[PDB]
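Engineer: experimental structure and sequence below, a few questions after.
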Amino acid sequence: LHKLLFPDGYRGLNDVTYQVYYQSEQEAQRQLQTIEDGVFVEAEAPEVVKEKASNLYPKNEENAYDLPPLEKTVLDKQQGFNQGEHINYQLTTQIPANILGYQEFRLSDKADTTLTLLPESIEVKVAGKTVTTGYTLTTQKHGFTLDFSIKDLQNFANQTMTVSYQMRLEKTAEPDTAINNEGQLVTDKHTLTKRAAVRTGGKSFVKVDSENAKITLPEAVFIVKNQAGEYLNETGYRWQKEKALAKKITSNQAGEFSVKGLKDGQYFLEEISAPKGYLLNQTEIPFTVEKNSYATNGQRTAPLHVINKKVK
């Protein structure tokens, strides 16, 4: 018996149980494992079998099954991300009950060049359980491919597979721009692409005299704080306790300066060095990073004036 399964309307079929069971009264006939796979009454059959073969190369009809889906998801993405932050990504799919009928099943991701893949971060889970076998992993700088062994995928039949991985936003990440990746799923039966997007923020500033803003002031030096009273250090970025290790931003010849690569939030400048002839205010000077606080489609948002009082 060469058990054979055909999609509703071929391949071998294991896990089928076959049982084998003159009256003078064709019209009597009709009145009466891998060794490779699927080698007379069909008594029990895999869930995939809609219609069993008629009692007698037996011929089995498969249930209808939808193609497996693809979701691509970024965690905690509402406020954007700092340059250097480890952004958490998920590819989710459903290993179909008839996965043995597929020839290929490949998960892959491809990000803009300002998202750097962390290759050690990639972890396949099925039903919450880590899986480290039945795939070959190939990583590039901005992407990876997991090609799955069809045979091994059967133990995850009709269960959810998620691929967690991290990408880091590079310092080349421009604020106020769609920063994309395309997840993909490629089988012999179909292709699914799913895009996701992330963003970082920024704020431009100009240092000016407090009476006349047409007077721009070079050589003013600031550091940045969050609402916790932590200071920004370059390491991309990191918030930490030590003021001494704070990144220092300086007003250029036009008085202009900026912070690029922060998530949405409320921050503060703290002046640590006043332009010559001006007072050092140490009061925290508030500013907000939000969507379009830096630019809109490459058009730079006007700078926030930071005022300096001229000395008596």
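Structural biologist: That came through fine. Residues are numbered from 1 along each chain as shown.
Engineer: hang on, residue 152 in a helix?
Structural biologist: Yes - assessed by DSSP: H, G, I helix; E, B strand; the rest coil, residue 152 belongs to a helix.
Engineer: which ones are touching it?
Structural biologist: Contact analysis of residue 152 by C-beta atoms under 8 Å, 6 or more residues apart in numbering lists 133, 134. In short, each C-beta sits where N, CA and C put it, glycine included.
Engineer: then residue 97?
Structural biologist: 47, 48, 63, 65, 157, 158.
Engineer: now it: which helix or strand?
Structural biologist: Using DSSP states H and E, no element contains residue 97; it sits outside every helix and strand.
Engineer: centre-most residue in this structure?
Structural biologist: residue 89 (2.7 Å; C-alpha atoms, centre = their mean).
Engineer: quick check, it in contact with residue 72.
Structural biologist: Yes - taking C-beta atoms under 8 Å as the definition, residue 89 is a contact partner of residue 72 at 7.3 Å.
Engineer: need the overlap of contacts for those two.
Structural biologist: Shared contacts of residue 89 and residue 72, defined by C-beta under 8 Å, 6+ apart, comprise 109, 181, 196.
Engineer: the first one belongs to a strand?
Structural biologist: To tie it back to what came earlier, the one meant is residue 109. Yes - per three-state DSSP, residue 109 lies within a strand segment.
Engineer: okay but it is in contact with residue 143, surely?
Structural biologist: Yes - contact status for residue 109 versus residue 143: in contact at 5.1 Å, counting by C-beta under 8 Å.
Engineer: can you check which residues contact both of those two?
Structural biologist: 117, 181.
Engineer: and the two? which has more neighbours close in?
Structural biologist: The neighbour comparison of residue 109 against residue 143 (other C-beta atoms under 10 Å) goes to residue 109, with 26 against 19.
Engineer: what sits against the more buried one?
Structural biologist: Residues near residue 109 by C-beta under 8 Å, 6+ apart: 72, 89, 91, 117, 143, 144, 163, 165, 181, 182, 183, 184.
Engineer: of these, grab the buried ones for ChimeraX.
Structural biologist: Selecting just the buried residues from the contacts of residue 109 in ChimeraX takes one command, with 16 or more other C-beta atoms under 10 Å as the test:
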select :72,89,91,117,143,144,163,165,181,183,184
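Engineer: out of the contacts of residue 109, which comes closest to residue 244?
Structural biologist: residue 117 (33.6 Å; C-beta to C-beta).
Engineer: in the sheet, who's paired with that closest one?
Structural biologist: residue 167 (DSSP bridges).
Engineer: and what of residue 239?
Structural biologist: residue 232.
Engineer: coming back round to it: so in that sheet, which strands flank the strand or helix carrying the residue nearest to the centre of the chain, and in what orientation?
Structural biologist: If you go by DSSP H and E, residue 89 is part of strand 86-95. In the sheet, strand 86-95 lines up against strand 70-74 (antiparallel), strand 159-169 (antiparallel) (DSSP bridges).
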